[PDB]
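Just one chain follows, in the form deposited in one PDB entry, and it is written as structure tokens.
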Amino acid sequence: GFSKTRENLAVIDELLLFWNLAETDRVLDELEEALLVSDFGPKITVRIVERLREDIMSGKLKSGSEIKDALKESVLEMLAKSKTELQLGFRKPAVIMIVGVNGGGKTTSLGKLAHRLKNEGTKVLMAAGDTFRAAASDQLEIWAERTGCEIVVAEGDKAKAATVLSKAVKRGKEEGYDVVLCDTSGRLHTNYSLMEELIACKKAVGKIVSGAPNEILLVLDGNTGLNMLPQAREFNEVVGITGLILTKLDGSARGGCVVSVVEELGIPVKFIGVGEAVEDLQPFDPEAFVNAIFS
């Protein structure tokens, strides 16, 4: 879990061992390099390091360990200015939409999240709202069966996503479900009016339970997340994103990208994907994360 990042950032500890006032510029240049090699973006590394330099000059930081602590809390302040928990409220069912470009991990993140909720006694219905392919619903159907979830699939091939999602949330209300988890399409052709279809899913579920969707989670591959930020912002601006799922961070040496996307999007990360097994979805805790990568 970011163990590669922790190993790379550990050179900051060795550096700070021998810091003194005179060695400040050397230490920071080389702190900056360690943050940059991890995926801390240029804009925030400069702010972190310039904040450290201001606080060393004004005497607020007088030892290697104080500098290390201030680094950690400067990063924490950029992660957590925002709640990272799912807020499902009390009206039933709660509705969670998983959105994002195909390839990124929506369907697998959905099933892993369903497995967590079922471990918690939550009764979960899955909605196969990616109607592009038959194989998308069959893939989701595989997840519904090894997690104990019933699943609502489309009736015909030309079915709208909103149609399936509305049927599914209607069904979830009636059968006594706590949560309906909605898979959606992420067609990268995007001459497909993806945004439009997502807005129609949003309205369709809101007419069945006012307040739904309680969460719209944007799935972003953690390795290529810094690239598609324009696409992320479009999801957030047009649909409205309540949280991020950063996937494929298995043993990431790129832990800074978490900080960077959060800083740049202003959307909390709620879960990290760290592998392909059903349990490889971990809730995101900013303090635990900052401890994870800086020990």
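Start at 1 and count along the sequence shown; that's the residue number. Just so we're on the same page, rigid core means the largest C-alpha set that superposes within 1.5 Å between forms.
Next item on the list: Report, as yes or no, whether residue 138 is left without coordinates in at least one third of the other compared entries.
Entry: Across the compared entries, residue 138 is modelled every time.
Notebook entry, point to check: Do at least a third of the other entries of this protein fail to model residue 156?
Noted result: Residue 156: unmodelled in a third or more of the comparison entries.
Notebook entry, point to check: Count of coordinate-less deposited residues separating residue 146 and residue 147, as none, 1 to 3, 4 to 9, or 10 or more?
Noted result: Nothing is missing between them.
Notebook entry, point to check: Hey, which bit's got the bigger mean C-alpha B factor in the entry, 17 to 25 or 268 to 276?
Noted result: Comparing 17 to 25 with 268 to 276, the higher mean C-alpha B-factor belongs to 17 to 25.
Notebook entry, point to check: Looking at the entry, does 254 to 262 or 241 to 249 show the higher mean C-alpha B-factor?
Noted result: Per the PDB entry, the higher value belongs to 254 to 262.
Check: Which one of 221, 215, 175, 183 shows the biggest C-alpha B-factor in the PDB entry?
Finding: In the PDB entry, the greatest C-alpha B-factor among 221, 215, 175, 183 is found at 175.
Next item on the list: Using the temperature factors in the entry, find which of 109, 87, 74, 193 has the highest value at its Cα atom.
Entry: Answer, based on the entry's C-alpha B-factors: 193.
Notebook entry, point to check: Of the three thirds of its chain by CA temperature factor, lowest, middle or highest, which one includes residue 226?
Noted result: Top third by C-alpha B-factor.
Next item on the list: Relative to the other modelled residues of the same chain, rank the CA B-factor of residue 69 and answer lowest, middle or highest third.
Entry: Lowest third of the chain for residue 69's C-alpha B-factor.
Note to self: Which third, lowest, middle or highest, does the C-alpha temperature factor of residue 49 belong to within its own chain?
What the structure shows: Within its chain, residue 49 is a middle-third residue by C-alpha B-factor, going by the deposited values.
Notebook entry, point to check: Is the Cα B-factor recorded for residue 163 in the lowest, middle or highest third of its chain?
Noted result: Its C-alpha B-factor, which the entry lists for residue 163, ranks in the middle third among residues of this chain.
Check: Taking the C-alpha B-factors as the PDB entry records them, is residue 82 in the lowest, middle or highest third of its chain?
Finding: Top third by C-alpha B-factor.
Omitted from view is the form deposited in another entry, to which the following refers.
Checklist line | Displaced position between this form and the one not shown, chosen from 122, 224, 190, 139 (C-alpha, 2 Å or more, rigid core) | finding: Residue with a C-alpha shift of 2 Å or more: 190.
Note to self: Given a superposition on the rigid core, I'd like a yes or no on whether residue 251 shifts its C-alpha by 2 Å or more between this form and the one not shown.
What the structure shows: Yes, the C-alpha moves 2 Å or more.
Notebook entry, point to check: Is the C-alpha displacement of residue 9 equal to or greater than 2 Å between this form and the one not shown once the rigid core has been superposed?
Noted result: It does, since the residue 9 C-alpha is displaced 2 Å or more between this form and the one not shown after the core fit.
Check: Once you line up the core, how about residue 237: does its CA shift reach 2 Å between this form and the one not shown?
Finding: No, residue 237 moves less than 2 Å.
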